[PDB]
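Q: File protein17.pdb below, PDB, C-alpha atoms:
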ATOM      1  CA  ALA A   1     109.834 103.876  56.690  1.00  0.00           C
ATOM      2  CA  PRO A   2     107.808 100.904  57.990  1.00  0.00           C
ATOM      3  CA  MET A   3     106.120 101.666  61.340  1.00  0.00           C
ATOM      4  CA  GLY A   4     106.943  99.518  64.390  1.00  0.00           C
ATOM      5  CA  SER A   5     104.628  96.544  65.044  1.00  0.00           C
ATOM      6  CA  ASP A   6     102.787  97.401  68.298  1.00  0.00           C
ATOM      7  CA  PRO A   7     104.963  99.216  70.879  1.00  0.00           C
ATOM      8  CA  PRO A   8     103.591 100.003  74.378  1.00  0.00           C
ATOM      9  CA  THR A   9     101.932 103.392  75.077  1.00  0.00           C
ATOM     10  CA  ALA A  10     102.810 106.148  77.561  1.00  0.00           C
ATOM     11  CA  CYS A  11      99.412 106.153  79.344  1.00  0.00           C
ATOM     12  CA  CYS A  12      99.038 107.577  82.869  1.00  0.00           C
ATOM     13  CA  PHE A  13      97.915 105.050  85.521  1.00  0.00           C
ATOM     14  CA  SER A  14      97.131 107.701  88.150  1.00  0.00           C
ATOM     15  CA  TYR A  15      97.790 111.407  88.843  1.00  0.00           C
ATOM     16  CA  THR A  16      99.646 113.623  91.338  1.00  0.00           C
ATOM     17  CA  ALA A  17      97.634 114.951  94.328  1.00  0.00           C
ATOM     18  CA  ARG A  18      98.514 118.681  94.519  1.00  0.00           C
ATOM     19  CA  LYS A  19      98.031 121.441  91.920  1.00  0.00           C
ATOM     20  CA  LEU A  20     101.403 122.487  90.492  1.00  0.00           C
ATOM     21  CA  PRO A  21     101.785 126.273  91.048  1.00  0.00           C
ATOM     22  CA  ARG A  22     101.929 128.117  87.703  1.00  0.00           C
ATOM     23  CA  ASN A  23     105.463 128.915  88.904  1.00  0.00           C
ATOM     24  CA  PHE A  24     106.152 125.163  88.416  1.00  0.00           C
ATOM     25  CA  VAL A  25     104.783 124.515  84.893  1.00  0.00           C
ATOM     26  CA  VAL A  26     106.748 125.810  81.870  1.00  0.00           C
ATOM     27  CA  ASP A  27     104.978 123.444  79.457  1.00  0.00           C
ATOM     28  CA  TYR A  28     102.876 120.279  79.205  1.00  0.00           C
ATOM     29  CA  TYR A  29     102.189 117.188  77.109  1.00  0.00           C
ATOM     30  CA  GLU A  30      99.074 115.051  76.417  1.00  0.00           C
ATOM     31  CA  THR A  31      99.023 111.230  76.660  1.00  0.00           C
ATOM     32  CA  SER A  32      98.403 108.913  73.690  1.00  0.00           C
ATOM     33  CA  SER A  33      94.967 107.686  72.524  1.00  0.00           C
ATOM     34  CA  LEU A  34      95.277 103.902  72.093  1.00  0.00           C
ATOM     35  CA  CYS A  35      94.582 103.376  75.809  1.00  0.00           C
ATOM     36  CA  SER A  36      90.952 104.320  76.592  1.00  0.00           C
ATOM     37  CA  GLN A  37      92.279 106.584  79.417  1.00  0.00           C
ATOM     38  CA  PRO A  38      94.390 109.544  78.219  1.00  0.00           C
ATOM     39  CA  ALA A  39      95.243 112.456  80.533  1.00  0.00           C
ATOM     40  CA  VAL A  40      97.078 115.809  80.504  1.00  0.00           C
ATOM     41  CA  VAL A  41     100.759 115.790  81.534  1.00  0.00           C
ATOM     42  CA  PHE A  42     102.375 118.945  82.989  1.00  0.00           C
ATOM     43  CA  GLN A  43     106.134 119.569  82.554  1.00  0.00           C
ATOM     44  CA  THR A  44     107.664 121.388  85.594  1.00  0.00           C
ATOM     45  CA  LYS A  45     111.064 122.979  86.361  1.00  0.00           C
ATOM     46  CA  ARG A  46     112.337 120.558  89.074  1.00  0.00           C
ATOM     47  CA  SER A  47     110.918 117.210  87.959  1.00  0.00           C
ATOM     48  CA  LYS A  48     109.937 115.866  84.541  1.00  0.00           C
ATOM     49  CA  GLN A  49     106.359 115.072  83.544  1.00  0.00           C
ATOM     50  CA  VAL A  50     103.270 114.901  85.830  1.00  0.00           C
ATOM     51  CA  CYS A  51      99.918 113.339  84.899  1.00  0.00           C
ATOM     52  CA  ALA A  52      96.785 115.320  85.854  1.00  0.00           C
ATOM     53  CA  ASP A  53      93.066 114.413  85.909  1.00  0.00           C
ATOM     54  CA  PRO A  54      91.421 116.484  83.092  1.00  0.00           C
ATOM     55  CA  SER A  55      88.379 116.374  85.400  1.00  0.00           C
ATOM     56  CA  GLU A  56      89.898 119.003  87.731  1.00  0.00           C
ATOM     57  CA  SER A  57      88.945 122.445  86.374  1.00  0.00           C
ATOM     58  CA  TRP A  58      92.354 123.875  87.357  1.00  0.00           C
ATOM     59  CA  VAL A  59      93.927 121.416  84.911  1.00  0.00           C
ATOM     60  CA  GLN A  60      91.743 122.742  82.098  1.00  0.00           C
ATOM     61  CA  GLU A  61      92.497 126.339  83.169  1.00  0.00           C
ATOM     62  CA  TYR A  62      96.287 125.799  83.241  1.00  0.00           C
ATOM     63  CA  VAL A  63      96.081 124.209  79.775  1.00  0.00           C
ATOM     64  CA  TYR A  64      94.169 127.232  78.488  1.00  0.00           C
ATOM     65  CA  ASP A  65      96.838 129.547  79.922  1.00  0.00           C
ATOM     66  CA  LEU A  66      99.506 127.504  78.116  1.00  0.00           C
ATOM     67  CA  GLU A  67      97.605 127.880  74.823  1.00  0.00           C
ATOM     68  CA  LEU A  68      97.552 131.686  75.198  1.00  0.00           C
ATOM     69  CA  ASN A  69     101.018 132.758  76.412  1.00  0.00           C
TER      70      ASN A  69
ATOM     71  CA  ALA B   1     118.871 113.221  92.389  1.00  0.00           C
ATOM     72  CA  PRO B   2     115.194 113.987  93.110  1.00  0.00           C
ATOM     73  CA  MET B   3     112.835 111.658  91.196  1.00  0.00           C
ATOM     74  CA  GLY B   4     110.305 113.145  88.750  1.00  0.00           C
ATOM     75  CA  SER B   5     106.821 113.876  90.152  1.00  0.00           C
ATOM     76  CA  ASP B   6     104.486 111.403  88.377  1.00  0.00           C
ATOM     77  CA  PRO B   7     105.390 110.780  84.705  1.00  0.00           C
ATOM     78  CA  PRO B   8     103.143 108.592  82.489  1.00  0.00           C
ATOM     79  CA  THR B   9     103.867 104.842  82.121  1.00  0.00           C
ATOM     80  CA  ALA B  10     104.657 102.732  79.045  1.00  0.00           C
ATOM     81  CA  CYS B  11     101.739 100.283  79.502  1.00  0.00           C
ATOM     82  CA  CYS B  12     100.430  98.207  76.573  1.00  0.00           C
ATOM     83  CA  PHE B  13      96.786  98.890  75.611  1.00  0.00           C
ATOM     84  CA  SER B  14      96.486  95.820  73.366  1.00  0.00           C
ATOM     85  CA  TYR B  15      98.723  93.234  71.647  1.00  0.00           C
ATOM     86  CA  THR B  16      99.737  92.128  68.135  1.00  0.00           C
ATOM     87  CA  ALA B  17      97.738  89.248  66.568  1.00  0.00           C
ATOM     88  CA  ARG B  18     100.394  86.886  65.122  1.00  0.00           C
ATOM     89  CA  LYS B  19     103.239  85.040  66.885  1.00  0.00           C
ATOM     90  CA  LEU B  20     106.583  86.592  65.932  1.00  0.00           C
ATOM     91  CA  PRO B  21     108.789  83.806  64.460  1.00  0.00           C
ATOM     92  CA  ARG B  22     111.848  83.201  66.670  1.00  0.00           C
ATOM     93  CA  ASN B  23     113.673  84.477  63.568  1.00  0.00           C
ATOM     94  CA  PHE B  24     112.060  87.871  64.385  1.00  0.00           C
ATOM     95  CA  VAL B  25     112.847  88.295  68.113  1.00  0.00           C
ATOM     96  CA  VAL B  26     116.429  89.145  69.170  1.00  0.00           C
ATOM     97  CA  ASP B  27     115.329  90.402  72.599  1.00  0.00           C
ATOM     98  CA  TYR B  28     112.355  91.603  74.651  1.00  0.00           C
ATOM     99  CA  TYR B  29     111.253  94.002  77.382  1.00  0.00           C
ATOM    100  CA  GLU B  30     108.572  93.898  80.127  1.00  0.00           C
ATOM    101  CA  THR B  31     106.089  96.738  80.782  1.00  0.00           C
ATOM    102  CA  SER B  32     105.982  98.774  84.009  1.00  0.00           C
ATOM    103  CA  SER B  33     103.933  97.879  87.119  1.00  0.00           C
ATOM    104  CA  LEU B  34     102.053 101.055  88.107  1.00  0.00           C
ATOM    105  CA  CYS B  35      99.273 100.238  85.621  1.00  0.00           C
ATOM    106  CA  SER B  36      97.351  97.145  86.807  1.00  0.00           C
ATOM    107  CA  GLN B  37      97.905  95.611  83.316  1.00  0.00           C
ATOM    108  CA  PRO B  38     101.566  94.882  82.468  1.00  0.00           C
ATOM    109  CA  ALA B  39     102.532  92.674  79.509  1.00  0.00           C
ATOM    110  CA  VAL B  40     105.626  91.226  77.792  1.00  0.00           C
ATOM    111  CA  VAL B  41     107.132  93.253  74.923  1.00  0.00           C
ATOM    112  CA  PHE B  42     109.157  91.506  72.179  1.00  0.00           C
ATOM    113  CA  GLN B  43     111.912  93.403  70.305  1.00  0.00           C
ATOM    114  CA  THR B  44     112.196  92.286  66.621  1.00  0.00           C
ATOM    115  CA  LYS B  45     114.668  92.965  63.773  1.00  0.00           C
ATOM    116  CA  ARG B  46     112.415  95.007  61.407  1.00  0.00           C
ATOM    117  CA  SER B  47     110.197  96.948  63.811  1.00  0.00           C
ATOM    118  CA  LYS B  48     110.723  98.116  67.391  1.00  0.00           C
ATOM    119  CA  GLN B  49     108.762  96.768  70.351  1.00  0.00           C
ATOM    120  CA  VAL B  50     105.633  94.533  70.269  1.00  0.00           C
ATOM    121  CA  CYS B  51     103.298  93.896  73.215  1.00  0.00           C
ATOM    122  CA  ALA B  52     102.188  90.273  73.764  1.00  0.00           C
ATOM    123  CA  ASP B  53      99.493  88.700  75.982  1.00  0.00           C
ATOM    124  CA  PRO B  54     101.383  86.722  78.714  1.00  0.00           C
ATOM    125  CA  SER B  55      98.303  84.464  78.575  1.00  0.00           C
ATOM    126  CA  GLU B  56      99.465  82.872  75.293  1.00  0.00           C
ATOM    127  CA  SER B  57     101.766  79.952  76.173  1.00  0.00           C
ATOM    128  CA  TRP B  58     104.026  80.714  73.181  1.00  0.00           C
ATOM    129  CA  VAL B  59     104.788  84.077  74.800  1.00  0.00           C
ATOM    130  CA  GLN B  60     105.913  82.343  77.988  1.00  0.00           C
ATOM    131  CA  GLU B  61     107.929  79.815  75.936  1.00  0.00           C
ATOM    132  CA  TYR B  62     109.715  82.512  73.887  1.00  0.00           C
ATOM    133  CA  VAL B  63     110.560  84.350  77.127  1.00  0.00           C
ATOM    134  CA  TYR B  64     112.024  81.154  78.572  1.00  0.00           C
ATOM    135  CA  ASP B  65     114.146  80.693  75.440  1.00  0.00           C
ATOM    136  CA  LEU B  66     115.428  84.264  75.846  1.00  0.00           C
ATOM    137  CA  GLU B  67     116.407  83.530  79.466  1.00  0.00           C
ATOM    138  CA  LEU B  68     118.477  80.505  78.376  1.00  0.00           C
ATOM    139  CA  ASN B  69     120.423  81.527  75.244  1.00  0.00           C
TER     140      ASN B  69
END
Output the file's structure as structure tokens, nothing else.

A:
Amino acid sequence: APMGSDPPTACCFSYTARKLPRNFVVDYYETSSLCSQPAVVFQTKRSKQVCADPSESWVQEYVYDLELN
Amino acid sequence: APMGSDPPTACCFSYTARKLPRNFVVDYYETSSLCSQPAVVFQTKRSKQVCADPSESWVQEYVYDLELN
């Protein structure tokens, strides 16, 4: 099972601009690592994936809530 | 058909280090645009996708060959 050669990388280039209400986040996903600029990605109910600045405390709080329940 | 909110972006963080022989490139793909650092991606026969610095003339030449035949 040889690994690919050097595919691109799903890295966020920016972030939304409004906190997604908990009623709009059933899960999340983190970016890669290759790019020196990872970020947290929230999965909503009427969209797909949304990048979020890990610098905003609410982002860290929502991630913590996802780790619990 | 509402568009997602702000998904990540397949942007290359680096590039391979050896020119892929024409005998190893049946197609290619370009990165996105959101990230201020797009790149050309070559598709081989025994791998997947490979990012390439558009600064290397051979990359531009191989792309031209793909546009012709």

Q: Can you check which parts of chain B lie within 6 Å of chain A? Per residue, the shortest pair of atoms and distance in Å to one decimal, counting only C-alpha atoms, sorted by chain and number, as JSON lines.

A:
{"residue": "B:4", "atom": "CA", "partner": "A:47", "partner_atom": "CA", "distance": 4.2}
{"residue": "B:5", "atom": "CA", "partner": "A:50", "partner_atom": "CA", "distance": 5.7}
{"residue": "B:6", "atom": "CA", "partner": "A:50", "partner_atom": "CA", "distance": 4.5}
{"residue": "B:7", "atom": "CA", "partner": "A:49", "partner_atom": "CA", "distance": 4.6}
{"residue": "B:8", "atom": "CA", "partner": "A:12", "partner_atom": "CA", "distance": 4.2}
{"residue": "B:9", "atom": "CA", "partner": "A:10", "partner_atom": "CA", "distance": 4.9}
{"residue": "B:10", "atom": "CA", "partner": "A:10", "partner_atom": "CA", "distance": 4.2}
{"residue": "B:11", "atom": "CA", "partner": "A:9", "partner_atom": "CA", "distance": 5.4}
{"residue": "B:12", "atom": "CA", "partner": "A:8", "partner_atom": "CA", "distance": 4.2}
{"residue": "B:13", "atom": "CA", "partner": "A:35", "partner_atom": "CA", "distance": 5.0}
{"residue": "B:35", "atom": "CA", "partner": "A:13", "partner_atom": "CA", "distance": 5.0}
{"residue": "B:47", "atom": "CA", "partner": "A:4", "partner_atom": "CA", "distance": 4.2}
{"residue": "B:48", "atom": "CA", "partner": "A:4", "partner_atom": "CA", "distance": 5.0}
{"residue": "B:49", "atom": "CA", "partner": "A:7", "partner_atom": "CA", "distance": 4.6}
{"residue": "B:50", "atom": "CA", "partner": "A:6", "partner_atom": "CA", "distance": 4.5}

Q: As a check of understanding, name the residues that the PyMOL selection byres ((chain A and resi 66) around 12) selects in the supplied structure, as a ChimeraX atom specification.

A: /A:22,25-29,42-43,59-65,67-69

Q: Find the distance between CA of residue 24 (chain A) and CA of residue 45 (chain A) and write it in Å to one decimal.

A: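 One can read the CA of residue 24 (chain A) to CA of residue 45 (chain A) distance as 5.8 Å.
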
Q: Would you mind reading off the distance between CA of residue 21 (chain B) and CA of residue 58 (chain B), one decimal, in Å?

A: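 So the answer is 10.4 Å.
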
Q: Mind fitting chain A to chain B by least squares on all Cα atoms in order and giving back the moved coordinates as a tab-separated table (two decimals) with C-alpha atoms, in the coordinates of the input?

A:
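The result, stored in superposed.tsv:
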chain	number	residue	atom	x	y	z
A	1	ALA	CA	118.87	113.22	92.39
A	2	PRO	CA	115.19	113.99	93.11
A	3	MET	CA	112.84	111.66	91.19
A	4	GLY	CA	110.30	113.15	88.75
A	5	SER	CA	106.82	113.88	90.15
A	6	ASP	CA	104.49	111.40	88.38
A	7	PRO	CA	105.39	110.78	84.70
A	8	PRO	CA	103.14	108.59	82.49
A	9	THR	CA	103.87	104.84	82.12
A	10	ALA	CA	104.66	102.73	79.05
A	11	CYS	CA	101.74	100.28	79.50
A	12	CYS	CA	100.43	98.21	76.57
A	13	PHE	CA	96.78	98.89	75.61
A	14	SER	CA	96.49	95.82	73.37
A	15	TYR	CA	98.72	93.23	71.65
A	16	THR	CA	99.74	92.13	68.14
A	17	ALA	CA	97.74	89.25	66.57
A	18	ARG	CA	100.39	86.89	65.12
A	19	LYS	CA	103.24	85.04	66.88
A	20	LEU	CA	106.58	86.59	65.93
A	21	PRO	CA	108.79	83.81	64.46
A	22	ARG	CA	111.85	83.20	66.67
A	23	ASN	CA	113.67	84.48	63.57
A	24	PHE	CA	112.06	87.87	64.38
A	25	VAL	CA	112.85	88.29	68.11
A	26	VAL	CA	116.43	89.15	69.17
A	27	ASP	CA	115.33	90.40	72.60
A	28	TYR	CA	112.35	91.60	74.65
A	29	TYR	CA	111.25	94.00	77.38
A	30	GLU	CA	108.57	93.90	80.13
A	31	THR	CA	106.09	96.74	80.78
A	32	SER	CA	105.98	98.77	84.01
A	33	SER	CA	103.93	97.88	87.12
A	34	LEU	CA	102.05	101.06	88.11
A	35	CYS	CA	99.27	100.24	85.62
A	36	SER	CA	97.35	97.14	86.81
A	37	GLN	CA	97.91	95.61	83.32
A	38	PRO	CA	101.57	94.88	82.47
A	39	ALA	CA	102.53	92.67	79.51
A	40	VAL	CA	105.63	91.23	77.79
A	41	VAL	CA	107.13	93.25	74.92
A	42	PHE	CA	109.16	91.51	72.18
A	43	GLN	CA	111.91	93.40	70.30
A	44	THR	CA	112.20	92.28	66.62
A	45	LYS	CA	114.67	92.96	63.77
A	46	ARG	CA	112.41	95.01	61.41
A	47	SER	CA	110.20	96.95	63.81
A	48	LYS	CA	110.72	98.12	67.39
A	49	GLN	CA	108.76	96.77	70.35
A	50	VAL	CA	105.63	94.53	70.27
A	51	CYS	CA	103.30	93.90	73.22
A	52	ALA	CA	102.19	90.27	73.76
A	53	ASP	CA	99.49	88.70	75.98
A	54	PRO	CA	101.38	86.72	78.71
A	55	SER	CA	98.30	84.46	78.57
A	56	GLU	CA	99.47	82.87	75.29
A	57	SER	CA	101.77	79.95	76.17
A	58	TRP	CA	104.03	80.71	73.18
A	59	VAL	CA	104.79	84.08	74.80
A	60	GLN	CA	105.91	82.34	77.99
A	61	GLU	CA	107.93	79.82	75.94
A	62	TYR	CA	109.72	82.51	73.89
A	63	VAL	CA	110.56	84.35	77.13
A	64	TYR	CA	112.02	81.15	78.57
A	65	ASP	CA	114.15	80.69	75.44
A	66	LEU	CA	115.43	84.26	75.85
A	67	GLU	CA	116.41	83.53	79.47
A	68	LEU	CA	118.48	80.51	78.38
A	69	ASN	CA	120.42	81.53	75.24
